[PDB]
Amino acid sequence: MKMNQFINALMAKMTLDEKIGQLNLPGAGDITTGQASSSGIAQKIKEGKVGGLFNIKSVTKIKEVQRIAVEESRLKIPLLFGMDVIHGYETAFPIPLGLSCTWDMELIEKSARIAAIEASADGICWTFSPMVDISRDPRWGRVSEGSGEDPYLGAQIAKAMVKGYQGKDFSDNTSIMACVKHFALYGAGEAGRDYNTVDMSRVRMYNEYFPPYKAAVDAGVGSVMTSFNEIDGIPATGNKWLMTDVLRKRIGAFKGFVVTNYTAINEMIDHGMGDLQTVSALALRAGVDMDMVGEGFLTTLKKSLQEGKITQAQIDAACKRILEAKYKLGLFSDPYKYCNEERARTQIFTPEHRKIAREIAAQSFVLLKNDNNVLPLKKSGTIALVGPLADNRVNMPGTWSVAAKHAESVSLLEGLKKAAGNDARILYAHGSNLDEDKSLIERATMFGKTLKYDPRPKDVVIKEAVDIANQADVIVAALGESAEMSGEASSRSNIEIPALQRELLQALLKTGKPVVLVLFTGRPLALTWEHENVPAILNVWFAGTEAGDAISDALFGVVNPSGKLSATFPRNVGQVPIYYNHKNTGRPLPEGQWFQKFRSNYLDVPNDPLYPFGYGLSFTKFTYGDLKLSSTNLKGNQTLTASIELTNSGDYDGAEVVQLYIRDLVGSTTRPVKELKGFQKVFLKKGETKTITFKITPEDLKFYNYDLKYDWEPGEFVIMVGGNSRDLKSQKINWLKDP
Amino acid sequence: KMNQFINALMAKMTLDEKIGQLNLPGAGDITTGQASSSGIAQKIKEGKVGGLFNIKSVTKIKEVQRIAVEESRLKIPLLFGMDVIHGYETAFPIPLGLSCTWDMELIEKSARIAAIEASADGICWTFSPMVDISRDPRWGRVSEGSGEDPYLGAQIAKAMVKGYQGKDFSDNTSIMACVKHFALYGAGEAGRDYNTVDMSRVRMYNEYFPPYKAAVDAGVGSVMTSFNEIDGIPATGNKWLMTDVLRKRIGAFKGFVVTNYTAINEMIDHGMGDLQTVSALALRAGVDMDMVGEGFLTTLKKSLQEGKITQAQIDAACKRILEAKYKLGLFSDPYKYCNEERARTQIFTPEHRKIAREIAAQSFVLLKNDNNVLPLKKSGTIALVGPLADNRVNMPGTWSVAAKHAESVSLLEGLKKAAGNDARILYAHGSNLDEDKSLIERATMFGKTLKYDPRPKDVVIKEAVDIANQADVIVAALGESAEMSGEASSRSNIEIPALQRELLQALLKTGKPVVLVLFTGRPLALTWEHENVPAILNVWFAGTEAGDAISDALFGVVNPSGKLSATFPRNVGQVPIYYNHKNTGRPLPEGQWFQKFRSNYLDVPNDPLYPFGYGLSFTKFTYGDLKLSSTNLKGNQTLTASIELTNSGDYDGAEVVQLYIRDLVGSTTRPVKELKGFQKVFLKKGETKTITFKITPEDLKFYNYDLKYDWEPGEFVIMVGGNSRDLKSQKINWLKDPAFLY
Ligand SMILES: OC[C@H]1O[C@@H](O[C@H]2[C@H](O)[C@@H](O)[C@H](O)O[C@@H]2CO)[C@H](O)[C@@H](O)[C@@H]1O
Ligand SMILES: OC[C@H]1O[C@@H](O[C@H]2[C@H](O)[C@@H](O)[C@H](O)O[C@@H]2CO)[C@H](O)[C@@H](O)[C@@H]1O
Ligand SMILES: OC[C@H]1O[C@@H](O)[C@H](O)[C@@H](O)[C@@H]1O
Ligand SMILES: OC[C@H]1O[C@@H](O)[C@H](O)[C@@H](O)[C@@H]1O
Ligand SMILES: [Ca+2]
């Protein structure tokens, strides 16, 4: 009895309403433990009207709910239990944007593995993750959930995430089904405003935005979630071209199912697509399989079928897909597969898990500036820790951490005191609130992620910090955003550090003491003034439940920072969108020659971002020899070997991310000045040299041309290697086809 | 006839002579007195020059044309072109400013006068109008266009072509127009000039193309390509664009295509290949004339010998250039536009300046007028303060290459004239343009300098404050310099320069009522100014008559009647923000900012500061309820929509009544509203008039997902008011007629 036979047999037993019921993923409402079977959701499950549920927590609650299905519904079809497990379950790793800066695919996969272990131990068998939306717009709150602006890096991370979640077998009780989102183009919302209109050409979609989604699918992701945005004037959720012709294009078949985003079907009414029945039929016809919360499928599909607006086959295909996911997950052989109390008791938020998170977090930090050897700090003397983010636990996990043990996180103050012990004195001061305008603080600290609010006049509180700082040999400024300043529906028209904090920072600098800016953020910020005036800048994103410890490992040099930016840091928001893989234009500005009239440039700011893609410093220094190519004249399907000597020429052991970029000089369409095509993170002891090697083939040269044909064209290419997208060793080559 | 004449001419022509017609080189300096031995002379004699541009003075142009007529083998005369953008010697407001008149008659007149002056000076071809839609205030070239709306843009494009070209090309008072820049130029990424452009086909057709199309339908003689790529192919080499779109219908276009300045050569930089390759690409795409770069002149013959182009491609391009010259009357009289007497009497005349002054005053947009600050009483004392208070050469704005910049009327000048003996005007610099001198320098190129005060800003501010304290009202002339906009004048910051904001603050702090007369070439972020300044008059850049026109507004000689053609954002973080937007699936209900999980920001409302079509008056206008002839229509019927407008204020005035239509449901998402009509009407104080609009299914059509141009049966909302924001509305139902389905 293989899957297809079993599933066909089952569906032959089902009524029309039961098939439709499988397509329903409703909101659950409150469920009183001890009386699940008589709760609001119970009746629906009993009537076969529920295919799955989500964001229900605890194996105890889940088992009982699952028992209603197994024992009290006619066919005893078990439910899927999903959740947003985004960057950890109870143990929280850094936010995804932070994790992507590790450029370490092993660590990425590992964090996903541990998340799956924890979530599955607590009854969850399906996560709405990874989010792989490409974005070039820092205003958008959701950049925190993604992996930056690059399709290659993004695609690599997609594979790592899906593999971590899903393992080699869906039926394993430590593996959960992943869900790539949000298909598609969500990250191009106009003016960085969440949910706003998206528009772009087909050729831009294929080269610049689609690749990460495709990587997830090729990796075997089990499901796909639709996006809130329209494309070509049709909401993704109702977009047949996208959901059928692209997603399920013959060769490269996606086998899983498509679930809508939260009431995305109903929102098509607001989009302007028609009434609930109309937009529901549109969604099903497009290839949508499961309806999240809005119940458009449940309440309208029969009427449409009776009216011949949809077919039985359409309903059947969607039903079968849901049932197949359940079968693959092991639910028809054991509906309680993911419900073991002892696993939940022993495998969640363990000391070992927290240790791994701590180690992973330290490798996500990006050191953006370190003048005059300020870092690492000596573990002696006195250290002043100042800022609205110095001593707060609940913000450390950042946004999208619904299952995290927020109140058990390690504050920076806590982590610092511990690491220092009796070797160094740690002094503390609030310094300032998150921002002037209390109402902004409030909407930025939703979901219980509150900060201590100081009712005293800002000058009073600053004077307090300055006077404390004057007693220290070095100041550590913990500034930046709060957790919920990014995330969903957290768009900012201003991407600077809040004025109040900058005013505070100014006061700290004026003490004359060395200041280290420890920066908390869920997005790229505009930091020109900070870069000019602060000796050392460490971007720690949001590091998770172990933030305080991981950050202290960095500060004292237990761990040498090795992160690299996966997204461009602009000089101001007026530069947006600014990104490394751009076209040359017909009037490029020669490097270093800002400003030039009649070139492509601004009157009031240079063209360069502040920090480019791939940027990141170390406590040590890395020296690149000259790029060596095995050939500069290639023919057909040959392999080019590119190699380079890398030397740790600094004072500390450390790792660096070696990056490979390729520029296609001439094409039938304009080609980007460069695109990432490989990378390698390597650790080097002080004074050690290693040969780093990349192997290139024509596959690395391919792109989607004007007719959307994926292929490469003969001609000249530039091969580049270095420690960021700007500082590169390069060499030109000629690559020819052959008859 | 023309066809027989040109065919015969072309039969006499050598390959090189045909190629030469396609050349539009830079001229280099031509010493008046020895044009026939100048640098450009030899090339003309050899038949290598199809035309020239930016040569000025009928005297010079006459002697250059003589070279072609008397000293070339076939005597084929030249076109003479120029950027006549908003007036020749008499400067009208910058285009964006002109757009705010919402007066198509006035607009056509300004073009008419501009053609009269240019043609009188030997010019027979203008690189105008630029009709690029833009939703990005950062782009300095918004100043050259007409805002963010396709319908208003299309109406203006039509009015401009009509004004220039008149009834017949061969009139010595008509010149050939050139709609630019085809296409999509105004969507350059991050508002940085020349930067990458990218969008969907369906957005192109509904949102960006219409103005270009109206130019063509109005009979524009030529089209200029743009610098941006499209779908990864530079416009100048984009065959789909230049041939499939531009020349889709039978005899739709029929004119010729010229490249932008070295746009072919720049395709090399784009990454499309070498000069020959990109030249051949351009010719195949449908480009006919090569501006400055000489890629056509130097490479076409080789490409032809190599089979990369065809003879017929060269012949077709050459043919179009000759037809242009034929239509313009050049083969009948190569000197037609070369009359010394016309040039002496018909240019920068008192009459022309008067008209410019009239038009300018109609282009101003009154953004705020609290507590009846405006209009000013012509009595007591008035303090004029700001870096734009007393400067002539900036008044004409950018793209005013033929303007009499130095003869422009400064604001101090106009005000003192108007005040006469009735009020005393007091002046003070207040501050420089910006705290950054190198920014000032680069923002005041092309000779448009501002006098620089080397004293400490605080000393100068105090100087102005002490003057202000002597006045009963203060007039602050602040904003941009002329060349802070225009080409390659992109700004990442769209506020009034910080130094000036600081000055402004010190003025308000005097307790005196302050009027902000704002000089700008772009929308600016003005939330703070709107919050603190009693009155705000946006004067754009009004031309050579700026001071007189502005003074007309200030004292109430002319009741301001302009309305924004582009949205004013609260900050650059909202960009792009525009009125004709999609609803999204999570729209923020009106008045409800902030709402979590709706489409909105944490730190700023969704609303711009001032919406499309916004404009105040010295008086007030009351709208009655919207009357519709029917709520249930079928097939090709006419809906009549009427409304009572009443002047309920204290002054005579005009207001622009705007018609918007919303298509509620569609096979694709439809914008929450679209401008579909307008009428500007003058009303005596207390007068009431019935404004009427005729609506048909044509007004309902759009380009669907498959790019089919059609309307769909269903509900629509008809809206009327003096704002894209404040409207009377009514829903209707419109069905197809089964009988007439074809
Ligand atoms: O001046 C208008 C016209 O100038 C064009 O050429 C520039 C050129 O780019 C620059 O190198 C030189 O120093 O100045 C000349 C003339 O100003 C420019 O390329 C055009 O876009 C511009 O419209
Ligand atoms: O909670 C996450 C989820 O909430 C969704 O519904 C919101 C709803 O918009 C709001 O009115 C209510 O107060 O909170 C609920 C749920 O907390 C929201 O629409 C989703 O996008 C969001 O992911
Ligand atoms: O929680 C389920 C879904 O809720 C939606 O509102 C979010 O946009 C998704 O990212 C999330 O997976
Ligand atoms: O001078 C002719 C052309 O020069 C170009 O550089 C400008 O961008 C065009 O708008 C202008 O018409
Ligand atoms: Ca190539």
Side-chain angles (χ1 to χ4, degrees), chain A residues 139 190-191 193-197 199-201 203-204 228 230 232-235 264 267-268 270-274 440 443-444 446 485 488-494 572-578 582-588 595 597-605 665-667 669-671 706, chain B residues 138 189-190 192-196 198-200 202-203 227 229 231-234 263 266-267 269-273 439 442-443 445 484 487-493 571-577 581-587 594 596-604 664-666 668-670 705:
Chain A
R139 298 171 287 196
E190 278 180 8
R193 205 189 71 202
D194 220 335
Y195 318 123
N196 206 1
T197 302
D199 186 272
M200 67 176 67
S201 68
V203 61
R204 166 163 291 188
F228 287 128
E230 61 177 60
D232 299 329
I234 300 175
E267 288 161 23
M268 286 199 283
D270 289 294
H271 269 303
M273 298 303 295
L440 172 59
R443 70 183 81 100
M446 287 178 60
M485 230 182 290
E488 175 172 6
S490 278
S491 290
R492 293 184 64 196
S493 67
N494 161 25
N572 62 49
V573 72
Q575 273 193 330
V576 175
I578 183 176
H582 55 258
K583 316 293 198 74
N584 203 39
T585 83
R587 304 187 161 208
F595 162 88
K597 191 60 169 188
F598 300 129
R599 298 275 100 186
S600 194
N601 67 155
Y602 301 96
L603 295 174
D604 55 21
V605 72
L665 280 166
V666 174
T669 49
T670 59
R671 311 281 294 117
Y706 187 78
Chain B
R138 287 173 294 191
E189 281 181 7
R192 205 186 72 203
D193 208 347
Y194 317 125
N195 201 4
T196 308
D198 180 89
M199 65 175 71
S200 71
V202 71
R203 165 167 285 189
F227 287 128
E229 66 181 65
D231 295 337
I233 307 185
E266 297 169 11
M267 291 207 267
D269 290 278
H270 271 298
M272 303 298 296
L439 172 61
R442 87 182 63 100
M445 306 180 65
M484 263 191 169
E487 171 169 11
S489 282
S490 284
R491 298 183 64 205
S492 64
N493 159 19
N571 63 62
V572 76
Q574 287 184 320
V575 177
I577 176 177
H581 55 257
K582 308 298 195 70
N583 202 42
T584 83
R586 294 184 169 211
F594 163 92
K596 190 62 175 191
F597 302 127
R598 297 274 104 185
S599 188
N600 64 154
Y601 302 93
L602 297 169
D603 54 21
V604 64
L664 276 167
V665 179
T668 46
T669 58
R670 316 283 295 110
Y705 189 76

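We name chains A, B, ... by the order of the sequence lines, and we start the count at 1 in each one.
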At a heavy-atom distance under 4.5 Å, which candidate from [options] has the highest pair count against chain B?
options	result
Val203(A), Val573(A), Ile234(A)	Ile234(A)
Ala489(A), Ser491(A), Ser493(A)	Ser493(A)
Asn601(A), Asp270(A), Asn572(A), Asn494(A)	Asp270(A)
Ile578(A), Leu440(A), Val576(A)	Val576(A)

Are any of the side-chain heavy atoms of [X] and [Y] separated by less than 4.5 Å?
X	Y	result
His581(B)	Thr197(A)	no
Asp232(A)	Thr668(B)	no
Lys583(A)	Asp198(B)	no

For [X], is it the side chain, the backbone, both or neither that has a heavy atom under 4.5 Å from a heavy atom of chain B?
X	result
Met446(A)	side chain
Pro588(A)	side chain
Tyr602(A)	both
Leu665(A)	backbone
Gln575(A)	backbone

Just how far is it from atom [atom1] of [X] to atom [atom2] of [Y], taken to the nearest 0.5 Å?
X	Y	atom1	atom2	answer
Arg192(B)	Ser600(A)	CZ	OG	3.5 Å
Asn583(B)	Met273(A)	CG	CE	12.5 Å
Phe598(A)	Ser489(B)	CZ	OG	8.0 Å
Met267(B)	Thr670(A)	CE	OG1	11.5 Å
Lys596(B)	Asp194(A)	NZ	CG	8.5 Å
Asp604(A)	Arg138(B)	CG	CZ	10.5 Å

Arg671(A) side chain to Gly271(B) backbone, donor-acceptor under 3.5 Å
no
Could you have a look at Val604(B), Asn195(B), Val665(B), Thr584(B) and say which one has the most heavy-atom pairs with chain A under 4.5 angstrom?
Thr584(B)
Hey, which of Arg442(B), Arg598(B), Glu189(B), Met199(B) has the most heavy atom pairs under 4.5 Å with chain A?
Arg442(B)
